[PDB]
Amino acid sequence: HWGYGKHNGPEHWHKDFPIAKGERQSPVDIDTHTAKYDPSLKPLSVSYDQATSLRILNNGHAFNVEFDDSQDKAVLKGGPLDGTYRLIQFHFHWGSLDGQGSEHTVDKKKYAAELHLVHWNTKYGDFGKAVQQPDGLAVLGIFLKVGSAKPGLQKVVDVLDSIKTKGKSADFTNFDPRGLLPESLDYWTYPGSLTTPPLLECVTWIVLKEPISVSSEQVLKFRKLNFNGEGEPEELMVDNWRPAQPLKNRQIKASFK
């Protein structure tokens, strides 16, 4: 039932998912001036050499690229984390226009889109168990701006025609997520939540400072997807982002400056 419209969008979610109004909700505005530099923070370790993508699915909220997470093949560690998190999926949030679409903001600035690489803590054995724990997930968030194309994104953009509507899925193998990363791994980090129902408070957020640029034609192709299922009235999949939530009793830490 939940989604992103006037009658079922973010402002409604708390009815079905009361944690919506909880103490560590995501996303947030990152006020770069009040973020605390922490010189005890380690470089982030992104080991994506042997990642195995399996598929791509339109779930009627976004598209998820799924990975085989049955072995330590694509892992995040270091940075603020204790131990090892395995990549399960990535997806994006984006706008109807280039001036909005990101979930986190930087000094109130909205980017065209935001990439989420979702990982789970191996101490909990799998994803379903991890989401029930306060340190279960680490999500690496990367901002997209419109400018030069990202060559490494094009394989994703080119398959979207095949998964236009809610419930459609395609085989999607040999996709290399390293091609979606910016040069720098400087980051902000804070404890928060899933940004979509069920909104569970289980995420260590790691948000990269450096955006990637993607072309207008690449993001235009994301906007051709549909929230509706095949043979329902067409509703373009745009503005699938939750706005900034109250920081409450949290400090955002920076790995830089």
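When you see a residue number, it is the position in the sequence shown, counting from 1.
TODO: Look up the CA B-factors in the entry and say which stretch, 169-177 or 93-101, has the higher mean.
DONE: In the deposited entry, the stretch with the higher C-alpha B-factor mean is 169-177.
TODO: Report the stretch with the higher mean CA temperature factor, choosing between 142-150 and 155-163 on the basis of the entry.
DONE: Comparing 142-150 with 155-163, the higher mean C-alpha B-factor belongs to 155-163.
Open item on the list: Among the choices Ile212, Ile206, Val46, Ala62, identify the one whose CA B-factor in the record is greatest.
Closed with: Highest CA B-factor of the listed options: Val46.
Task: Among modelled residues of the same chain, the CA temperature factor third for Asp72 - done: Answer is highest: the recorded C-alpha B-factor places it there.
Open item on the list: Considering every modelled residue of the chain and its Cα B-factor in the PDB entry, is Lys123 in the lowest, middle or highest third?
Closed with: It falls in the top third of the chain.
Open item on the list: Test of reading the entry: by CA B factor among the chain's modelled residues, which third contains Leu225?
Closed with: Middle third by C-alpha B-factor.
Task: Position of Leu81 among the chain's modelled residues by C-alpha B-factor, lowest, middle or highest third - done: It belongs to the highest third of the chain when residues are ordered by C-alpha B-factor.
- [ ] Sort the modelled residues of this chain by their C-alpha B factor and say whether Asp31 lands in the lowest, middle or highest third.
- [x] Its C-alpha B-factor, which the entry lists for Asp31, ranks in the middle third among residues of this chain.
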